[PDB]
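J.: part one of the complex, untouched from its place in the assembly:
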Amino acid sequence: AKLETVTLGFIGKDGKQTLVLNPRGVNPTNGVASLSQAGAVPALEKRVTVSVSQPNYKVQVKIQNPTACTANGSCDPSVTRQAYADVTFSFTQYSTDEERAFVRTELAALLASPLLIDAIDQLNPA
Amino acid sequence: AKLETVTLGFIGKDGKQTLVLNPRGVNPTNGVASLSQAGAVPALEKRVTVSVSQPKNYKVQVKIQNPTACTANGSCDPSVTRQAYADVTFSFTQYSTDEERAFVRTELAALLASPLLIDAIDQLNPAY
Amino acid sequence: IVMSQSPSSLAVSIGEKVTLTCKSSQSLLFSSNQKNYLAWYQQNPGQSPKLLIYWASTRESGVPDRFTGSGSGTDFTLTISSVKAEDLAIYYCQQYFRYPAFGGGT
């Protein structure tokens, strides 16, 4: 599927912050695809890079989410720190459709369980 | 919070299956809490491992791992042949707020149901 | 788990926004993530019934978008985008976790 403007709704604690992002090129050196939003800045925008591989298929999804800050005595803003996210899938050649779909959906749903949201939001073990 | 019997609903290609998984201990060596499904055979059961560390910056790791049973010829005990993995890591920093972390979590969760990752994973056709 | 349904039969005439209400005796948020555990079945008087809506808000392939359901903790609705020529007959509500149970009629 060619890249299309991906829109997401009900994101965050409030479940109200919508996020719209569009493709911003395909790197030919390593075959990754990029997505970002237009924040009128070269840097301070959430970005998402997705890429599959070709042989032990490997699928990688990376998220960069930086913040902004008003630097002391600076006309321009500067990035202070950024949250990362990395996701890796490592199916094998004889993998079926149903098994891969199961892995994907399980990872997606488990990410909204009370256990894992408590693990991420308050940063505490189990 | 403490470990509990977690029942994930709305799972599968057709979106009708669901799986109940329960805790199976915590490894004291590195604090990797483990959850598993009651599959009646220890080597043929789905596994999830979640672990958050301590600092300069934090690290949250989630490893999903599930095998597929295969009936070997000439033997009655099934053996594990195909092994699907899944890795997730988050690397927030000390001074980060909590709303930002929730933003990251929910964004990655919703990205995995978008019509992009469906074709990215189910058919493995690269985004182009 | 016992299930209760709307009064036995409505007075559906034509093209109206009839909504069937099902109220549960206990919260149906068994799943860890916030997904209910109800299903809706239609049963023509002649043949075997069919599944319409499951997870209380999601359709299944082969049913027009006219049907829709709204979920809550213990009280649920089946709203239909008006009635058409053949959408009649008994409509069943089911919780289907652990111990299943049906109940009610039209």
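T.: Looks like it came in fine. Numbers count the residues shown, from 1 in each chain, chains lettered A, B, ... in the order given.
J.: Residues of chain C that sit close to chain B?
T.: Selection of chain C residues close to chain B by Cβ under 8 Å from any Cβ of the partner chain yields C:30-33, C:35, C:37, C:54-55, C:58. Backbone N, C-alpha and C define where each C-beta goes, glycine included.
J.: Need the distance between the two termini of stretch C:37-53.
T.: 11 Å (Cα to Cα, to the nearest Å).
J.: Let me know the secondary structure of the residue in chain A sticking out farthest from the centre.
T.: In chain A, the greatest distance from the average C-alpha position (Cα atoms, centre = their mean) is reached by residue A:73, at 32.9 Å. Here residue A:73 is recorded as coil under DSSP: H, G, I helix; E, B strand; the rest coil.
J.: Verify the stated contact: residue C:37 with residue C:28.
T.: Yes - Residue C:37 sits in contact with residue C:28 when judged by Cβ atoms under 8 Å, with a separation of 5.0 Å.
J.: Out of the residues of chain C next to chain B, name the ones that lie in strands.
T.: Judged by DSSP state E, strands contain the following of these: C:54, C:58.
J.: Is there a quick ChimeraX command that grabs whichever of the residues of chain C next to chain B are buried?
T.: Typed into ChimeraX, the line below selects the buried ones among these, using 16 or more other Cβ atoms under 10 Å in any protein chain shown:
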select /C:30,31,32,33,35,37,54,55
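J.: Which ones, among the residues of chain C next to chain B, also lie beside chain A?
T.: C:32-33.
J.: could the residues of chain C next to chain B go into JSON lines alongside distance to residue C:20?
T.: Output for the residues of chain C next to chain B, formatted as JSON lines (distance: Cβ to Cβ, whole Å):
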{"residue": "C:30", "distance to residue C:20": "23"}
{"residue": "C:31", "distance to residue C:20": "23"}
{"residue": "C:32", "distance to residue C:20": "29"}
{"residue": "C:33", "distance to residue C:20": "26"}
{"residue": "C:35", "distance to residue C:20": "21"}
{"residue": "C:37", "distance to residue C:20": "18"}
{"residue": "C:54", "distance to residue C:20": "16"}
{"residue": "C:55", "distance to residue C:20": "17"}
{"residue": "C:58", "distance to residue C:20": "17"}
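J.: Could you measure from the most centrally placed residue in chain A over to chain C?
T.: Central residue of chain A (Cα atoms, centre = their mean): residue A:63, 3.4 Å from the mean position. Per Cβ to the nearest Cβ, to the nearest Å, residue A:63 is found 21 Å from chain C.
J.: Nearest residue to that residue in space, ignoring adjacent ones along the chain?
T.: Excluding its sequence neighbours, the residue lying closest to residue A:63 (Cβ to Cβ, 6 or more residues apart in numbering or on different chains) is residue A:85, at 3.7 Å.
J.: same structure, new chain, call it chain D:
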Amino acid sequence: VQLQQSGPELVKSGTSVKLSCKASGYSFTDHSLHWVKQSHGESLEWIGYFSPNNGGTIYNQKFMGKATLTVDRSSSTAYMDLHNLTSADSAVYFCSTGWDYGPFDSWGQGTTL
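T.: Alright, chain D goes in next:
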């Protein structure tokens, strides 16, 4: 997927009756086979199911005495027995399949008693 139910019977007295469900299009590896009884009119009740991952011997209450379940994996079909029958054999018994805890999707045609 598709399952088939075989034959209506009209025997009298509560000695024993064999109702068989010819399952096809899947295997008992993961799916569960239910035995919902429609009774007559409304209020169709659930009887039991056979899940290899849940035990396969789960019965609804007030029915344990007059219901038995057995399934063979060679022919991929299921069949149950009724120990006694006076008026609870009012009407059709249904056979249905589905995932472990999922809903009931595909049902075969029914046979009445």
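J.: Contacts only, for the residue nearest to the centre of chain A.
T.: When contacts are counted by Cβ atoms under 8 Å, 6 or more residues apart in numbering or on different chains, residue A:63 touches A:46-48, A:83-86, B:104, B:107-108, B:111.
J.: Okay, and the beta partners of it?
T.: residue A:48, residue A:85 (DSSP bridges).
J.: Could you do residue C:24 as well?
T.: In this entry, residue C:24 is beta-bridged to residue C:3, by DSSP bridges.
J.: That one and residue C:71, how far apart?
T.: Residue C:24 sits 11 Å away from residue C:71, going by Cβ to Cβ, to the nearest Å.
J.: Just the buried residues of stretch D:90-100, please?
T.: D:92-100.
J.: brain fart, stretch C:91-106
T.: Buried residues in stretch C:91-106, defined by neighbour count with 16+ other Cβ under 10 Å: C:91-97, C:100, C:102-106.
J.: Sort out which of those residues are in helices and list them.
T.: With helices defined by DSSP state H, no entry of these lies inside them.
J.: Could you give the number of residues near the residue in chain A positioned nearest to chain D?
T.: Residue nearest to chain D within chain A: residue A:98 (10.4 Å; Cβ to the nearest Cβ). Residue A:98: 13 surrounding residues under other Cβ atoms under 10 Å in any protein chain shown.
J.: cool, the one 3 residues further on as well?
T.: The local packing of residue A:101 (other Cβ under 10 Å) involves 18 other residues.
J.: That one and residue B:106, how far apart?
T.: Taken as Cβ to Cβ, the span from residue A:101 to residue B:106 is 21 Å.
J.: before we move on, what about residue C:14?
T.: Distance from residue C:14 to residue B:106, by Cβ to Cβ: 43 Å.
J.: if we can go back for a sec, show me the subset of the buried residues of stretch D:90-100 that also lies near chain C.
T.: Within the buried residues of stretch D:90-100, those near chain C by Cβ under 8 Å from any Cβ are residue D:94.
J.: Leaving aside the residues adjacent along the chain, what's closest to residue A:37?
T.: residue A:21 (4.7 Å).
J.: pretty sure residue D:60 is touching residue D:49, no?
T.: No - if you go by Cβ under 8 Å, residue D:60 and residue D:49 don't touch, sitting 9.4 Å apart.
J.: Could you pull up the residues touching residue C:61?
T.: Residue C:61 neighbours (Cβ under 8 Å, 6+ apart): none.
J.: ok, the residue positioned nearest the centre of chain C to residue C:30 distance?
T.: Geometric centre of chain C, nearest residue: residue C:40, 3.4 Å, by Cα atoms, centre = their mean. Here the criterion is Cβ to Cβ. By it, residue C:40 lies 18 Å from residue C:30.
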